[PDB]
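What follows is a set of notes on a single structure, which appears directly below.
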Amino acid sequence: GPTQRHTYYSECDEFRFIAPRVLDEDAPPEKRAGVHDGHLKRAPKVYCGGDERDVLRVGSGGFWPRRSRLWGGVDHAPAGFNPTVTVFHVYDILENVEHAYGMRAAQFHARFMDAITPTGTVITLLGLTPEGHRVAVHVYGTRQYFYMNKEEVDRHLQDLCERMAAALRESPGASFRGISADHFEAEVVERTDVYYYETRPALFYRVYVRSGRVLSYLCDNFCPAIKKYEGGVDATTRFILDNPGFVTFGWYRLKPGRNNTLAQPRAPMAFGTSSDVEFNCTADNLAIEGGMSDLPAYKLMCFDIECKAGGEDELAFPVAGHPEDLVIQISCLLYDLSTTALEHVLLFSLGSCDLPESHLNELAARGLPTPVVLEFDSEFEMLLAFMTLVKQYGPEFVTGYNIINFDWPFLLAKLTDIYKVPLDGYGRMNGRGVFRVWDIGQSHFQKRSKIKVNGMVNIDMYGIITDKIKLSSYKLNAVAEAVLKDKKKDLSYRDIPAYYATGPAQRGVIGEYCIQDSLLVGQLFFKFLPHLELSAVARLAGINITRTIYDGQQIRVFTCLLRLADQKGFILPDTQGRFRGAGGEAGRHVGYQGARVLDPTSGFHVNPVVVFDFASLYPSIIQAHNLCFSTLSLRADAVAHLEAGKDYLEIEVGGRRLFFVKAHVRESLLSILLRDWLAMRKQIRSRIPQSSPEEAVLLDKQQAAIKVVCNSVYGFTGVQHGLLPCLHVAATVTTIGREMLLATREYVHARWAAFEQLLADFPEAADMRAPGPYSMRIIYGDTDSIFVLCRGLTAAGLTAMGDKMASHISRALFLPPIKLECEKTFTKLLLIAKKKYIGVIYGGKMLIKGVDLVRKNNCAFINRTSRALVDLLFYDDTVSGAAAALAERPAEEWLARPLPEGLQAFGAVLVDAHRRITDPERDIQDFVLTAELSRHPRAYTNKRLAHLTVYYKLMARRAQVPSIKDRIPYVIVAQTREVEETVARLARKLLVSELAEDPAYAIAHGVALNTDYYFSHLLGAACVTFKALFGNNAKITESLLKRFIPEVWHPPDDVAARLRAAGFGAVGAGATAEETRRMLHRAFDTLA
Amino acid sequence: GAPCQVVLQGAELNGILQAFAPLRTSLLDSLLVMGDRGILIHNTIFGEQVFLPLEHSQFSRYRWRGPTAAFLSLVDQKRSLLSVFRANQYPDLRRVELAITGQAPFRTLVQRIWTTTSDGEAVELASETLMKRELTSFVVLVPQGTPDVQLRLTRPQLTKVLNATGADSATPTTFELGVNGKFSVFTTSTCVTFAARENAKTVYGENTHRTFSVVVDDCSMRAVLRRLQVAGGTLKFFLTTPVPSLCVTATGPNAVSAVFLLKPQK
DNA sequence: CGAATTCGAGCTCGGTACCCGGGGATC
DNA sequence: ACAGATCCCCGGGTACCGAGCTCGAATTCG
Ligand SMILES: [Mg+2]
Ligand SMILES: [Mg+2]
Ligand SMILES: [Mg+2]
């Protein structure tokens, strides 16, 4: 039998049969509602076509692809199966801490048994051999280690003296035990701290820990006075940075490393990971061989959940903990990730399932494998089959839509709570592995809900499409429509147990919606190929894919900085006591001044506005002036032996007068770290000019996604409580940034503000002179832009010469890495507010930059209408002329004199938008506002919030409770007497917060919407953008924009019934047009 | 230029300034209905109808053509087309030019103000001049007919009657002219009586013989009539028709009036 | 004797300033 | 057990003072 025992169900005879008692029509209508419960003494069972095969019998051959070599020990591989592998691809590195007494029947070589001998850390590399075999190479002898000043360990304590001390200093409140001399090594090595240029090399003790206890010593236990220097570095990072060139997602090779030592396949019965061929190499039997650029047939699985809810209410969103709310069926598509192919389209069902012949024919007409439908009578015996598939088939990558929040936590909550089956073994290693979903929703500080599974890369697509597209509501139906130009047909949950209570001919319709959903997921994954784009950064950083998906951006930057640090004789200090010890001195904290926003000369600007943009400004200030920690001398003693201007820079940043050393006496680490990343954004910007206009947009978002990780370099510096905060360098970065903009403006104004000075500097402007008078006047800046309104010049070649101005200002003012570029030229820019502007690029596309039309909250109906008003201002001609004519007179002076007869087209879309809002034949789904939950809803200081109100209405009526960061939809329902007893029962010009209502509840119950709210909000949006024409006061525009809308008056009807009954005349619309005048003539004689 | 030009020249303008003055900040949410015959001003005051005719002779000249327009007085939702006549705003006024230049549906009306400067001079303040627009479709229910007993109930006693009315809905007051002109406002709390004619209780009217008894169920009558601060000078009574209407008119330079609905009797 | 002004106490609601929180722009 | 930054505009919900409102409990005044 095995030595490391397997912790995944290989056999069973007893489970918790739970099977909604609707599958058995041998009971009358009284035992239909409900679910069964109670143990069984049968071994679980799957029917696929009318065959019975107990779910855990590997053998004759299953309804699923078996991709494993082992099952409960018994080697299920053809005899003689001894593949040789020497070029394997690794995707996920694991660390596991095995033991010498735990593996004695393993029959290893002595080298290996020596590596772990008390204990040790074994880095399992984990991947595919190109032919197809799943290889798991176990690399021994990698020790994590943290350094500590020799002096501070030579006062607090007072080599082997150190380790003998530290070994039993750990002892108290034992979790470690038996910790001996052979568990730590000290060695004195000589290295400098990273911070400040004044800091001399010193003598440190390099403490080599044996396994995964540094975190205890680096926890406050050991000696808080002693500053442990690098204690967060993992075994994996200590494996990736000190063997040169190794990368954690890339092809390897298996070489006879040293002594001509040789890697050692295990016996099949000592496999630590259920894979085909497993090896015991050591750190340096591996090589990193390149030129092979391929992805070896990793099998991506793409799965979905559909779940039923029972007992006493069927229109209730099911909850995992309830033994009765139970999963019904799950898709499982299995793809091939090298060819984008699909195979095996599995669907797992709870009881009899058919599929409509439309679905089987549509699939075969799309060249997709025929679905395989497995009928499991019991729910446990389903979810065991499913996590027997993900442990036999063993998808390397997993995908879904909202798998991290609803699919996986429901499935795991159901296994671990209700059926009590270990999930630690169903990962890739068959025992003592990790299978965990961390929800953000634990009143916490993180932004990610992470799932970590042992050797599977759970790429959710909710993340990825919420980072690639700016879309109001990210539900699969809307994202399929928007992203794929597709028309999906949804199945709201509420009608699931009406299609389930019928016979199989409607469980088939449920299987149709499951498979057709998860094929759509598959289509988005292959559209965006997240695995390759996260792969690139896993290679570039040294972090795994599983840590480049779910662990933010300080880690990739810290790890690159760590590879630069420990090749230059540097050591990266570790500050701990982070924020729940906070900053030690014994509304939103802005740790430094950040940026400049020059004052916008607000207005419509018909003249060419030529913008100049610094090219990734911050990363070229961390290079032009070599700003890193390591050159930060912030006193004036240690920079005394070098002269002003040629070897250092002085900058008052907060008042500090930091001195930053020049490049040729010390060279940064942020400058050098950035050089590698920049060329990566330069290749992804290279590919843009030669791609499809839809495959260009994905290489546009891959370059924005690396613009964020390069500028994260600046960010990471300037964080507080981070992994290596230095707000001195971040403050400087922003200082030099603000200065560089004001320098550029005092150069563009002083130098080029008489046209004859243009003609002497760019003589190509002799023909560019448009007839008007000349003025180059910067009207707006931002952290790098400067909008240079060039008046009296034609827009035709203004970008042609503007490449020259951006190459003149750059050379004449800034250091060579800094590059000012003339990225665009607007004509008809509208500068509404500080970070808000709409302008139409020269001859073409419109750039809308944050005007309540480029943001995810505002209702679709109001976005269509202000999106038509902007077109009626820029593209139209009489309206553009008229808008420009509304600069002749100050704002006040348009409240008396009428609007100059060009804007009658502008007003038409407002009176027409007002006509459409009132129609009783509105579609609620067009009026749906939506806003992000963004926090646990009990961490909110302000609790009277629209979306919050709708989150408690949702959670109260047993409905789907949107997990944190889900956009809550909400439509504002009319103020009526039912929206006023419900508040009072839950507790009078009601707030907009307490008229919020979920549109599912606003269609099933035919509630009216506010036609005051939504129209006041439409004029609110319209007003915020169009103030910019009128003076930039919103009160004048609000009074002029709504003058367009017809106003109408009627007596409140019943009062009119009474008045009429009193024998008055109706004068106007309620009569026709010649009953108004004659009788209103009589009324005057009456009152006269 | 503007077809429909109406002007208030200084002598008439200080006539209508005093006519508008008493009604402080009432009717500044008015609905101005302008037809060939003058301009009529309407409003709900404490949920009850109130009117103010402005016939030609009031101001200097009137000229109008095309359909009667209606301007929902409150202009830009804080400023009011009739603010100019509040009798301490823009104190030393001169000619005010209302004119409307449009065509039939979409008419718009410009209120131009002129302000003295003491030589005989005056500055048009094109800083507060107003621009309103016609209501597109407006239905306003205007009193009509001829009352059947109009009595002139003069300045003191129109305080006596409103005080003789009560506080809230418990206590409906009852106007009841009896034979030979009693004209008593009865109610449980107190009673006020008059002589009705065709010594300062001689309430002068006409054709008073047509006896009525009527009961007023709106508790608001004192409220609004005081709010307007009328000097009194007629109660107009429309008995004929169902839910007979009690209108009340003042007899100073204004003619503001307020129709009171009544419960079925006579 | 008379009931016709007032400068006091209640009103609104404008319109300030405030926070928050959503969600953009810029690295 | 987690982890780029700041700047900035609007909108919703408070929480004031206050200037303008009539609306009275003394009134000065006829
Ligand atoms: Mg799902
Ligand atoms: Mg830039
Ligand atoms: Mg650029």
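Numbering starts fresh at 1 for the residues of each chain in the structure tokens, the chains themselves are lettered A, B, ... in the order given, and ligands are numbered from 1 as they appear.
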Site check for ligand 1: residues at most 7 Å away, only C-alpha atoms (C1' of nucleotides) and all ligand atoms, as a PyMOL selection string: chain A and resi 304-305+400-403+406-407
Just-selected residues, N, CA and C atoms written as a PDB file, in the first residue's frame:
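Everything below was put into result07.pdb:
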```pdb
ATOM      1  N   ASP A 304     -20.269  25.107 -13.998  1.00  0.00           N
ATOM      2  CA  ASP A 304     -21.360  25.941 -13.549  1.00  0.00           C
ATOM      3  C   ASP A 304     -22.192  25.107 -12.589  1.00  0.00           C
ATOM      4  N   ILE A 305     -22.964  25.785 -11.767  1.00  0.00           N
ATOM      5  CA  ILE A 305     -23.859  25.192 -10.793  1.00  0.00           C
ATOM      6  C   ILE A 305     -25.256  25.652 -11.117  1.00  0.00           C
ATOM      7  N   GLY A 400     -15.120  29.587 -14.801  1.00  0.00           N
ATOM      8  CA  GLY A 400     -16.526  29.637 -14.544  1.00  0.00           C
ATOM      9  C   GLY A 400     -16.907  31.075 -14.632  1.00  0.00           C
ATOM     10  N   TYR A 401     -18.109  31.369 -14.249  1.00  0.00           N
ATOM     11  CA  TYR A 401     -18.537  32.739 -14.117  1.00  0.00           C
ATOM     12  C   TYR A 401     -19.078  32.810 -12.722  1.00  0.00           C
ATOM     13  N   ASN A 402     -18.406  33.566 -11.878  1.00  0.00           N
ATOM     14  CA  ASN A 402     -18.751  33.657 -10.485  1.00  0.00           C
ATOM     15  C   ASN A 402     -18.491  32.336  -9.808  1.00  0.00           C
ATOM     16  N   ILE A 403     -17.394  31.673 -10.146  1.00  0.00           N
ATOM     17  CA  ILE A 403     -17.116  30.444  -9.418  1.00  0.00           C
ATOM     18  C   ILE A 403     -16.603  30.729  -8.048  1.00  0.00           C
ATOM     19  N   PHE A 406     -20.283  32.019  -5.854  1.00  0.00           N
ATOM     20  CA  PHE A 406     -21.400  31.111  -5.715  1.00  0.00           C
ATOM     21  C   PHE A 406     -21.104  29.667  -6.041  1.00  0.00           C
ATOM     22  N   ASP A 407     -20.326  29.337  -7.063  1.00  0.00           N
ATOM     23  CA  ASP A 407     -20.244  27.928  -7.433  1.00  0.00           C
ATOM     24  C   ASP A 407     -19.393  27.161  -6.454  1.00  0.00           C
TER      25      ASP A 407
END
```
Chain A contacts to chain B at 9 Å (only C-alpha atoms) as number ranges by chain: A: 892-893, 895-898, 1039-1040, 1042-1043, 1046-1051, 1056, 1058-1071, 1073, 1076-1077, 1079-1088
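You can rank B:180, B:157, B:173, B:199 by their closest distance to residue B:232 using only C-alpha atoms, and at the top of that list sits B:157.
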Nearby polymer residues, ligand 3, at most 10 Å, only C-alpha atoms (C1' of nucleotides) and all ligand atoms, as an NGL selection string: :A and (611-617 or 784-785 or 819-824)
Minimum-distance residue to residue B:195, chosen among B:226, B:182, B:24, B:210 (using only C-alpha atoms): B:182
Members of stretch 292-467 of chain A assigned alpha helix (DSSP H) by DSSP, as a ChimeraX atom specification: /A:357-364,379-392,408-413,461-467
Could you list, as a PDB file with N, CA, C and O atoms, in the first residue's frame, every residue of chain A that has an atom within 7 Å of an atom of chain C, counting only C-alpha atoms (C1' of nucleotides)?
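Writing the result to result08.pdb gives the following:
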```
ATOM      1  N   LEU A 617       4.917  58.717 -17.372  1.00  0.00           N
ATOM      2  CA  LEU A 617       5.694  59.717 -16.664  1.00  0.00           C
ATOM      3  C   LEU A 617       6.444  59.169 -15.476  1.00  0.00           C
ATOM      4  O   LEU A 617       7.670  59.277 -15.409  1.00  0.00           O
ATOM      5  N   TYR A 618       5.730  58.607 -14.510  1.00  0.00           N
ATOM      6  CA  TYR A 618       6.389  58.210 -13.268  1.00  0.00           C
ATOM      7  C   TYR A 618       7.516  57.234 -13.515  1.00  0.00           C
ATOM      8  O   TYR A 618       8.653  57.552 -13.155  1.00  0.00           O
ATOM      9  N   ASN A 711       3.521  51.088 -13.186  1.00  0.00           N
ATOM     10  CA  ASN A 711       3.347  52.268 -12.365  1.00  0.00           C
ATOM     11  C   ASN A 711       3.078  51.861 -10.949  1.00  0.00           C
ATOM     12  O   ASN A 711       3.217  52.668 -10.033  1.00  0.00           O
ATOM     13  N   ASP A 782      -2.772  67.717 -16.295  1.00  0.00           N
ATOM     14  CA  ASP A 782      -3.189  66.599 -15.491  1.00  0.00           C
ATOM     15  C   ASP A 782      -1.892  65.958 -15.103  1.00  0.00           C
ATOM     16  O   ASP A 782      -0.856  66.610 -15.189  1.00  0.00           O
ATOM     17  N   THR A 783      -1.920  64.788 -14.515  1.00  0.00           N
ATOM     18  CA  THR A 783      -0.653  64.288 -14.028  1.00  0.00           C
ATOM     19  C   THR A 783       0.419  64.172 -15.108  1.00  0.00           C
ATOM     20  O   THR A 783       1.596  64.236 -14.771  1.00  0.00           O
ATOM     21  N   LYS A 835     -11.380  66.700 -13.953  1.00  0.00           N
ATOM     22  CA  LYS A 835     -10.973  65.454 -14.598  1.00  0.00           C
ATOM     23  C   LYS A 835     -12.002  64.977 -15.595  1.00  0.00           C
ATOM     24  O   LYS A 835     -12.010  63.810 -15.953  1.00  0.00           O
ATOM     25  N   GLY A 850     -14.843  60.641 -18.339  1.00  0.00           N
ATOM     26  CA  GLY A 850     -15.543  60.652 -17.073  1.00  0.00           C
ATOM     27  C   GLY A 850     -16.658  61.609 -16.788  1.00  0.00           C
ATOM     28  O   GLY A 850     -16.640  62.186 -15.715  1.00  0.00           O
ATOM     29  N   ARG A 855     -19.306  56.215 -16.793  1.00  0.00           N
ATOM     30  CA  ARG A 855     -19.265  55.554 -15.504  1.00  0.00           C
ATOM     31  C   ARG A 855     -20.482  54.685 -15.283  1.00  0.00           C
ATOM     32  O   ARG A 855     -21.587  55.011 -15.701  1.00  0.00           O
ATOM     33  N   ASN A 942     -22.058  55.465   6.487  1.00  0.00           N
ATOM     34  CA  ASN A 942     -23.354  55.959   6.051  1.00  0.00           C
ATOM     35  C   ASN A 942     -24.173  54.773   5.589  1.00  0.00           C
ATOM     36  O   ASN A 942     -23.920  54.221   4.524  1.00  0.00           O
TER      37      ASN A 942
END
```
Against chain D, which residues of chain B fall within 12 Å? For each one I want the closest pair of atoms and the distance in Å (one decimal), counting only C-alpha atoms (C1' of nucleotides), rows by chain and increasing residue number, as a tab-separated table.
```
residue	atom	partner	partner_atom	distance
B:23	CA	D:22	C1'	10.9
B:24	CA	D:22	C1'	8.8
B:25	CA	D:21	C1'	8.2
B:26	CA	D:22	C1'	10.2
B:223	CA	D:23	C1'	10.6
B:224	CA	D:22	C1'	11.6
B:226	CA	D:23	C1'	10.2
B:227	CA	D:22	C1'	7.8
B:228	CA	D:22	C1'	10.6
B:229	CA	D:22	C1'	11.1
```
Restricting it to N, CA, C and O atoms, dump the selection as a short mmCIF file (atom, residue, chain, number, x, y, z; two decimals), in the first residue's frame.
```cif
data_model
loop_
_atom_site.label_atom_id
_atom_site.label_comp_id
_atom_site.auth_asym_id
_atom_site.auth_seq_id
_atom_site.Cartn_x
_atom_site.Cartn_y
_atom_site.Cartn_z
N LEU B 23 -51.36 92.10 -1.37
CA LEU B 23 -51.39 90.64 -1.42
C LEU B 23 -49.99 90.10 -1.29
O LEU B 23 -49.57 89.29 -2.11
N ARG B 24 -49.28 90.51 -0.25
CA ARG B 24 -47.85 90.26 -0.16
C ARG B 24 -47.53 88.79 -0.35
O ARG B 24 -48.14 87.94 0.29
N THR B 25 -46.69 88.50 -1.34
CA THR B 25 -46.17 87.17 -1.66
C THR B 25 -47.27 86.11 -1.76
O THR B 25 -47.01 84.92 -1.64
N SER B 26 -48.48 86.52 -2.09
CA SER B 26 -49.49 85.62 -2.60
C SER B 26 -49.64 85.99 -4.05
O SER B 26 -49.40 87.13 -4.43
N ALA B 223 -58.85 81.85 7.00
CA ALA B 223 -57.45 81.70 6.62
C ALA B 223 -57.13 82.45 5.33
O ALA B 223 -56.32 83.38 5.34
N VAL B 224 -57.82 82.13 4.24
CA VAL B 224 -57.41 82.72 2.97
C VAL B 224 -57.84 84.15 2.91
O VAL B 224 -57.11 84.99 2.39
N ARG B 226 -58.22 86.41 5.12
CA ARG B 226 -57.25 87.21 5.86
C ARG B 226 -55.90 87.27 5.16
O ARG B 226 -55.34 88.35 4.98
N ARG B 227 -55.37 86.11 4.75
CA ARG B 227 -54.11 86.04 4.00
C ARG B 227 -54.07 87.05 2.87
O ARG B 227 -53.05 87.68 2.63
N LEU B 228 -55.18 87.20 2.18
CA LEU B 228 -55.29 88.23 1.15
C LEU B 228 -55.45 89.61 1.75
O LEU B 228 -55.23 90.59 1.04
N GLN B 229 -55.94 89.71 2.99
CA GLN B 229 -56.13 90.97 3.70
C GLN B 229 -57.03 91.91 2.90
O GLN B 229 -56.66 92.99 2.46
#
```
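From atom CA of residue A:947 back to atom CA of residue A:970, the distance works out to 6.6 Å.
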Between atom CA of residue A:69 and atom CA of residue A:275 - distance in Å to one decimal: 6.0 Å
Sel. of strand (DSSP E or B) residues, stretch 22-261 of chain B, as a PyMOL selection string: chain B and resi 31-35+38-44+49-53+61-62+69-72+74-75+79-80+93-100+108-117+121-124+130-133+138+140-142+150-152+173-177+184-186+192+195-197+202-206+212-216+233-238+245-250+257-261
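If only C-alpha atoms and all ligand atoms are the atoms counted, then among A:424, A:786, A:214, A:202 the closest residue to ligand 2 is A:786.
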